[PDB]
Every structure is written in C-alpha cells, then in structure tokens.
Amino acid sequence: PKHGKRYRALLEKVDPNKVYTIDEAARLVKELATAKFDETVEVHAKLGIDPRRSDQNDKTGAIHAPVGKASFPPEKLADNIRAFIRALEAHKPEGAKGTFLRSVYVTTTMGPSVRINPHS
Amino acid sequence: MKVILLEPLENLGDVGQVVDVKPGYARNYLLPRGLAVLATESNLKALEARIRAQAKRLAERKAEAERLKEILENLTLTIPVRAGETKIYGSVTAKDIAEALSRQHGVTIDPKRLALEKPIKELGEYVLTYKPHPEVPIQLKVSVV
Amino acid sequence: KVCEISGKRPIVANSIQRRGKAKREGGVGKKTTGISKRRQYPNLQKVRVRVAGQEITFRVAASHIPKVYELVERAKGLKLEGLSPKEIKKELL
RNA sequence: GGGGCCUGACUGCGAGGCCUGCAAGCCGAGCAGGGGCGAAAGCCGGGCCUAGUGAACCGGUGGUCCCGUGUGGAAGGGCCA
RNA sequence: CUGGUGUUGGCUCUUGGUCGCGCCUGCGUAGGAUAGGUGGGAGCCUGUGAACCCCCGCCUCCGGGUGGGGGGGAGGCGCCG
RNA sequence: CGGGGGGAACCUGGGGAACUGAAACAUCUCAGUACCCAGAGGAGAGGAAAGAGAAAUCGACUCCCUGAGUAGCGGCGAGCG
RNA sequence: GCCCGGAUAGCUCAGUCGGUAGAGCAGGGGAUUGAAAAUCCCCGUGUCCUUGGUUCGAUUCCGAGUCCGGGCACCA
Ligand SMILES: [Mg+2]
Ligand SMILES: [Mg+2]
Ligand SMILES: [Mg+2]
Ligand SMILES: [Mg+2]
Ligand SMILES: [Mg+2]
Ligand SMILES: [Mg+2]
Ligand SMILES: [Mg+2]
Ligand SMILES: [Mg+2]
Ligand SMILES: [Mg+2]
Ligand SMILES: [Mg+2]
Ligand SMILES: [Mg+2]
Ligand SMILES: [Mg+2]
Ligand SMILES: [Mg+2]
Ligand SMILES: [Mg+2]
Ligand SMILES: [Mg+2]
Ligand SMILES: [Mg+2]
Ligand SMILES: [Mg+2]
Ligand SMILES: [Mg+2]
Ligand SMILES: [Mg+2]
Ligand SMILES: [Mg+2]
Ligand SMILES: [Mg+2]
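Residue numbers (the entry's author numbering), protein chains in the order written: chain BC, 2 to 57, 166 to 229; chain BI, 1 to 145; chain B1, 3 to 95.
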C-alpha cells in the first residue's frame with residue numbers, strides 16, 4: 002500500500018500523540034524492532050538552531174546517528190539514550206536561540222518513531 | 001451563555017438539554033418566542049428536580065412490576081367457561097379475565113393493558129403476555145363445565 | 003443619564019495630551035501638552051421586555067443588561083396587574 | 001628641516017600663583033604607580049603661544065567598594081566614564 | 001472623518017493566518033532513471049494476494065511521477081558491480 | 001403616615017473659574033479656592049479594619065500638640081507637601 | 001539613534017528557485033530617406049558593491065563591512 006504490514010503491526014503499540022520516557026519507550030522500542038536481523042535503534046531530534054549559521166546536523170537542523178541494537182537490555186537503551194542527550198547539550202552554540210532540542214524521536218532501522226522527552 | 005431548550009431544534013435540541021448560545025440569540029429570539037429559558041442556577045436546580053421526580057418515581061410503574069410478575073408469572077389461572085369441547089358457547093375478554101382474577105386470588109390487572117386480540121371464545125389452550133415494556137407472559141387455562 | 007439599576011452615571015475625566023518618547027525607554031520623558039475636562043458616559047441602552055400585561059422599557063447600562071432579565075425572572079413569583087406598567091417597573095425591586 | 005625608536009594626546013594628586021563680582025579661564029614645581037627616548041645629564045601629564053566654544057536640567061550608553069521600601073532578588077536609582 | 005470594541009442576532013457562499021496531522025513535492029555532466037539533504041541500511045515486499053495489460057484524476061522540464069479501479073498469478077526488488 | 005419653604009455662619013455631596021505666581025508662557029500655580037446647585041442639623045462628616053507598616057508591633061472614628069517644612073512631589077522651575 | 005532595500009555594459013534593470021550572468025538604450029559598421037531617423041541587420045567589454053563561510057567553488061546562499069535608496073521616530 003504505502004508501507005508493509007511488518008510495520009503496520011507496530012502502529013498498534015505507539016499512541017500517535019503521546020510523549021514517552023526513556024524507560025517507557027526504551028523497552029517499547031525493543032519490541033517494535035520485528036525484523037529478521039538485529040537492527041540498530043537510533044534517535045532523531047530537530048535542533049532549534051540556524052542552518053546556514055556558519056558559527057552555530167545537516168543543513169536543515171536535523172540530528173541523527175544510531176545508539177544501540179534491537180536487543181540491548183533495558184539498562185543499555187534507557188542508559189545509552191541519555192549518553193547522547195548530554196553529547197549534544199555539551200555543544201549548544203553561543204547564540205543558539207530557541208528550544209535547543211524541541212522535537213525528539215526514537216526509531217530503529219525498520220520500526221516507527223516514538224516521540225520522547227529526553228528529560229525523564 | 002448557557003440556555004435550557006424545549007422543542008428539539010436542529011444543531012442543538014431535546015428540551016432540558018443545555019447549550020451555549022450567544023447572548024443576542026437568547027435575549028432577542030429564543031426567550032422572546034419561548035424556545036428556551038435562561039440557564040439560571042434557579043432553574044438549573046429546578047431542572048435537577050424536574051429530572052429526579054420522573055427518574056426515581058419512575059421506579060414503580062416500570063420497576064415495581066417485578067412484584068407484579070413474581071406473584072403471577074409462575075402462576076396458573078384456569079377459569080370456568082360454559083363450552084362444548086373445542087368450542088366455547090361464548091368468549092372471555094381481557095375484562096372477562098381479570099374480572100374473576102380479582103377474586104380467585106386477589107391480583108389486580110388492567111384489561112386494556114393485556115395482549116390478546118379477538119375475544120377468546122375458542123379453546124385448545126391460552127397463554128399470553130400482560131404489559132407494558134419489560135413485560136410478563138401470564139398463563140391461563142380455558143376450563144370446562 | 004443614569005442607569006435604572008446599576009446606578010451608574012456620567013463622570014468627570016481629564017483628557018491629557020502627551021508628546022515625547024517615554025522615559026520607560028527611549029529618553030528624556032513624556033510631556034503634557036495640555037489637560038482638559040470631559041465627561042465619560044455609561045454605555046447605557048434600552049431593554050424592553052413583556053413581564054405580564056405590559057412591555058415596560060428599561061434604560062440601563064450595558065454591563066447590567068443581564069440583571070434586567072434575572073429580574074423579569076425573580077418577578078414571576080408575584081402578582082402585578084392593573085394599568086400600572088410604570089408600577090410594574092416600580093415593583094420589580 | 002630630516003631620521004631612529006616610540007604613545008606622557010598617562011592614572012592618582014598637586015605646593016604656590018596669574019586673572020577675577022560670581023563661576024569660569026590660565027600656569028604649575030614636586031611625590032606615587034606604571035611607562036617612552038637617552039650613555040647619562042635628563043626630558044615627556046599633546047601641538048612656538050594667544051581663537052577652534054556651551055552652566056545647569058532631562059535623558060543615552062560602558063563600567064562600579066554604594067542604595068534597593070517586611071526578607072532574598074529584581075525594578076529603578078547613585079558613583080565613575 | 002476613521003479602525004477596534006459594546007448595544008449585536010440567525011443562515012449560507014467565499015476566501016487569508018496559524019499550529020496539529022495526512023499526503024506528494026524536487027527532472028542541471030555523469031547515470032538503468034525526473035536523485036531534496038543526513039542517518040539507519042540485508043533485509044524487505046506479496047492467500048494481511050505482488051510480476052504483465054486496459055481503463056482513469058492530477059502534476060509536466062510532454063518526461064514521467066503517481067493514485068482510484070478491473071484485471072492477474074507466485075513472483076517483484078536492493079546490495080555486490 | 002410624610003414631604004414641599006426658611007435659617008448669620010458652620011457642614012457633607014454634586015459641579016467648578018480667572019486674575020495672580022512662574023519677574024513672558026502652555027505643564028505647573030492660584031485652588032478644589034471663589035462661586036452655582038442639592039442635602040443635613042443643632043451640629044455635619046467619619047466610624048469598629050479586605051487598616052497601618054516592620055515592630056515576638058498597633059488595635060473604630062473624629063479634634064488638638066508633635067513628628068515636619070521631615071519623607072517626598074516638582075518645565076527637580078515657581079512652588080507643593 | 002532603530003526597521004527596512006541595494007549598484008553587475010555608458011545609464012537603466014532581471015538572476016542553478018547554489019554550477020548555465022543576460023535585456024532595452026547608447027556606441028562601431030553595414031542597412032539609411034530629399035533630409036536626421038522611425039524602419040533593418042550583427043556583435044565589444046565583468047567577483048553581478050561584496051566581506052565571506054556552507055557546498056564542488058559561487059554571481060545568487062550565511063558572518064556581513066563600506067556607500068546609496070526609502071521608512072518611523074527622538075532632540076536635553
Ligand atoms: Mg528543508
Ligand atoms: Mg446620558
Ligand atoms: Mg484620552
Ligand atoms: Mg462585560
Ligand atoms: Mg575663579
Ligand atoms: Mg633632553
Ligand atoms: Mg610634569
Ligand atoms: Mg596651540
Ligand atoms: Mg612638534
Ligand atoms: Mg529647567
Ligand atoms: Mg526587598
Ligand atoms: Mg399623617
Ligand atoms: Mg420636615
Ligand atoms: Mg493661569
Ligand atoms: Mg505671570
Ligand atoms: Mg467638594
Ligand atoms: Mg499634621
Ligand atoms: Mg524633604
Ligand atoms: Mg494642591
Ligand atoms: Mg542586488
Ligand atoms: Mg516609424
């Protein structure tokens with residue numbers, strides 16, 4: 002159709018409009034990675050910074174990079190997630206005005222994305 | 001600017017129902033012609049009552065019925081009718097029924113509230129509901145002699 | 003005039019004309035070129051409403067209009083007739 | 001007039017005078033700090049000198065041992081530039 | 001004179017702004033081809049019914065992209081290069 | 001049952017100047033004064049804290065003495081307080 | 001003092017919707033009328049003020065500095 006069902010089934014345990022924690026979703030991410038291989042859970046968050054800002166991530170203000178497999182224990186995802194948050198909060202440009210980290214999603218290699226508050 | 005209706009108006013209706021109109025609509029059209037009343041907390045409680053008096057008090061003419069079925073229901077009538085086998089020499093109206101039912105036992109029934117159409121007359125055997133809404137099918141036997 | 007319920011009536015006010023960037027920012031300060039006396043009327047209107055065998059009109063302030071109705075209601079429970087539309091009014095508190 | 005280094009077109013003061021109704025204007029040796037040129041003696045607190053200027057008030061900025069309306073902090077002031 | 005409001009209400013037609021979301025969008029040399037950036041990236045995709053053909057709306061760099069639909073039948077497709 | 005009209009000042013409320021001062025003048029001052037109107041009474045007003053303001057404080061209101069020409073307000077002027 | 005807009009041929013004016021910088025008119029020639037052109041043809045010349053950094057560098061995109069263009073105010 003638009004997507005394959007292998008994905009259509011994961012849309013059953015991910016409220017379309019709800020913020021999850023790094024413990025409420027870190028374990029719900031290890032269950033939405035239904036592939037025949039060990040995937041890589043990654044996190045995507047939009048940064049409130051200026052793109053073309055030479056002295057201040167692609168060229169639109171998006172962050173990527175993977176951090177964990179699709180099996181890693183609850184203490185390897187819930188713990189390695191915060192290890193990426195502070196990896197950013199340690200490089201926030203001087204004039205980076207605006208919520209430095211507005212949106213934040215946590216999606217794997219083939220599974221959907223779960224909006225989560227990197228502060229709980 | 002809340003208001004309590006009357007005639008079920010489109011987009012907002014079913015009397016008693018409360019709705020948020022614009023002051024103008026209410027003051028200049030609704031109340032003038034009497035399509036509703038101001039949602040004053042003086043009729044907002046006055047409707048609280050209008051709503052209980054029927055709701056609770058209703059448990060009787062549609063709730064006490066249970067007392068009216070337990071006594072009957074598992075009961076059996078059987079009434080003396082002048083007949084001739086499979087054909088009575090007259091008939092028994094619902095009115096004919098309770099007529100003696102209020103002497104054979106002491107049970108009160110409203111004929112106009114029974115359920116058979118034509119006046120018995122025939123025979124074989126009878127058994128039919130009383131009324132109304134959550135009803136109770138009674139059991140009556142057409143006798144002999 | 004005056005409000006037949008709120009009691010509100012016209013009052014005196016000054017029309018102060020000022021010029022100059024405030025001190026609240028910019029500089030030097032505001033300046034009064036001139037002051038004048040002027041009135042401030044009540045936004046009163048009129049509200050006609052049946053109430054028994056008459057219509058009776060109410061010249062009342064804007065932010066009070068509603069009370070007028072909460073009065074044709076409290077009225078209900080009381081007997082008022084005879085050629086007394088002025089009195090009807092009279093009676094309603 | 002020409003050239004080599006330089007920034008004293010210093011900060012904190014200022015004995016003692018000139019001028020003078022007031023308040024302004026003017027000259028200033030010398031001490032302290034930290035400097036520049038000189039081998040040193042020394043000179044340097046702009047310009048051979050006398051014009052190129054504007055009290056207060058109200059505000060604008062940059063600082064800052066200060067005040068900050070019950071207390072903390074702010075708001076808003078003061079002081080210095 | 002005038003904008004916003006109060007007095008000031010029904011019913012429609014028509015458009016602007018904004019955030020939600022759902023969708024496609026993108027066509028310069030090279031190249032299967034109409035490639036938006038960056039990451040994940042060997043598994044996906046089809047009786048949760050794909051390969052092929054006709055119909056059919058929209059877009060047009062007239063090249064395709066792509067959706068509704070009927071049809072159909074066990075195969076599409078990516079890496080490597 | 002009452003009211004209405006009057007009363008030298010005094011009193012509360014609703015309205016409310018200009019001269020003058022600022023050695024001109026508009027903010028400011030005179031001044032909520034003069035005056036007009038309504039009302040009250042031998043007084044009138046006010047009155048038992050949604051107060052004051054820095055004190056483990058006080059405790060209706062009104063009047064006098066201080067506080068005090070203080071705190072402040074002010075074309076930071078005249079002046080007000 | 002703040003918010004805005006910008007020179008590129010002699011003047012005037014557009015810009016991968018980042019790489020391919022091009023018009024009117026002026027000027028040269030030829031075409032040119034009785035007369036000068038209105039008609040007719042074909043081209044010259046460069047960071048697109050320009051500091052940059054993103055990108056493959058940039059004319060175009062961001063730090064953005066200089067000048068000019070229009071705006072809204074203030075003046076103790
Ligand atoms: Mg983008
Ligand atoms: Mg009036
Ligand atoms: Mg005004
Ligand atoms: Mg209102
Ligand atoms: Mg002197
Ligand atoms: Mg010397
Ligand atoms: Mg000296
Ligand atoms: Mg000189
Ligand atoms: Mg010299
Ligand atoms: Mg002055
Ligand atoms: Mg304090
Ligand atoms: Mg009497
Ligand atoms: Mg009397
Ligand atoms: Mg005067
Ligand atoms: Mg004078
Ligand atoms: Mg008075
Ligand atoms: Mg006193
Ligand atoms: Mg004082
Ligand atoms: Mg005064
Ligand atoms: Mg330009
Ligand atoms: Mg011509």
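Just so it is clear, CB atoms sit at the ideal spot from N, CA and C, and this is done for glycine as well.
query: Anyone know if the C-beta pair for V19 (chain BI) and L6 (chain BI) falls short of 8 Å?
result: no
message: Can you check whether the C-beta of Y71 (chain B1) is within less than 8 Å of a C-beta belonging to chain BI?
response: yes
message: Here's the rule: buried if 16 or more other CB atoms are within 10 angstroms of the residue's CB, otherwise exposed. What is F181 (chain BC)?
response: Buried, by the Cβ-count rule.
- request: Could you tell me if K31 (chain BC) is buried or exposed, where buried requires 16 or more neighbouring beta carbons within 10 angstroms of its beta carbon?
  value: buried
- request: Give a yes or no on whether the minimum CB-CB distance between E93 (chain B1) and chain BI is below 8 Å.
  value: no
field: Any non-hydrogen atom of ligand 3 within 7 Å of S42 (chain BI) CB
entry: no
- prompt: Does the region 61-68 of chain BI touch the region 129-137 of chain BI, meaning 3 or more C-beta pairs lie closer than 8 Å?
  reply: With the cut-off at 8 Å, the region 129-137 of chain BI and the region 61-68 of chain BI touch.
message: Do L140 (chain BI) and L77 (chain BI) count as a contact pair if the criterion is CB distance below 8 Å?
response: yes
- prompt: Secondary structure at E27 (chain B1), three-state DSSP: helix, strand or coil?
  reply: coil
- request: Using a Cβ-Cβ cut-off of 8 Å, state whether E27 (chain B1) counts as contacting chain BI.
  value: Contacts with chain BI at 8 Å (Cβ-Cβ) do not include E27 (chain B1).
query: Under 7 Å from any heavy atom of ligand 4, does the C-beta of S17 (chain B1) make it?
result: no
- request: Give the secondary structure of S222 (chain BC) by DSSP, where H, G and I count as helix, E and B as strand, and everything else as coil.
  value: strand
- request: Return helix, strand or coil for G36 (chain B1), following the three-state DSSP convention.
  value: DSSP places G36 (chain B1) within a strand segment (E or B) once states are collapsed to three.
task: Pull up the distance between the alpha-carbon of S86 (chain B1) and that of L80 (chain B1), whole angstroms please.
output: 14 Å
- request: Specify the secondary structure class of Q47 (chain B1) as computed by DSSP and reduced to three states.
  value: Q47 (chain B1) falls in the strand class under three-state DSSP.
- prompt: Applying the criterion that 16 or more other CB atoms from any shown protein chain within 10 Å of the CB defines a buried residue, is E40 (chain BC) buried or exposed?
  reply: Looking at its Cβ environment, which holds 16 or more other Cβ atoms inside 10 Å, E40 (chain BC) is buried.
message: Please return the same chain residues whose Cβ sits closer than 6 Å to the Cβ of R11 (chain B1), not counting the five positions on each side in sequence.
response: The beta carbon of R11 (chain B1) sits closer than 6 Å to those of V4, all from its chain and outside the five residues before and after it, given in chain order.
- prompt: Three or more C-beta pairs closer than 8 Å, one from the region 39-59 of chain BI and one from the region 81-93 of chain BI: is that the case here?
  reply: no
- prompt: What is the residue span of the beta strand (DSSP E) that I13 (chain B1) lies within?
  reply: 13-16
field: Alpha-carbon to alpha-carbon, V142 (chain BI) and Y126 (chain BI)
entry: For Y126 (chain BI) and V142 (chain BI), the distance between alpha carbons rounds to 7 Å.
Cutoff 8 Å: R33 (chain BI) Cβ touching any chain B1 Cβ: Chain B1 contact via Cβ: absent.
Three-state class that DSSP yields for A64 (chain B1) in the structure shown: helix
- prompt: According to the Cβ coordinates, are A27 (chain BC) and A187 (chain BC) closer than 8 Å?
  reply: yes
Near-chain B1 residues of the region 40-52 of chain BI - C-beta to any C-beta below 9 Å: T40, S42, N43
query: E75 (chain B1) CB to nearest chain BI CB: under 8 Å?
result: Put simply, the CB of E75 (chain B1) is near chain BI, with a gap under 8 Å to one of its CB atoms.
- prompt: When DSSP builds the beta bridges, which residues end up paired with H45 (chain BC)?
  reply: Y214 (chain BC)
task: Pull up the distance between the alpha-carbon of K88 (chain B1) and that of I58 (chain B1), whole angstroms please.
output: Rounded to whole angstroms, the separation of the alpha carbons of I58 (chain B1) and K88 (chain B1) is 7 Å.
field: Run of the alpha helix (DSSP H) containing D96 (chain BI), from where it starts to where it stops
entry: 94-104
- prompt: How many Å lie between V176 (chain BC) and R191 (chain BC) at the Cα?
  reply: 10 Å
- prompt: Name the chain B1 residues that come within less than 8 Å of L38 (chain BI), Cβ to Cβ?
  reply: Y71, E72, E75
task: Please look up how many angstroms separate the CB atoms of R41 (chain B1) and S17 (chain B1), rounded, as I've assumed it's under 8 Å.
output: Contact doesn't hold; Cβ gap of about 10 Å is too wide.
- prompt: Where does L38 (chain BI) fall in DSSP's three states?
  reply: strand
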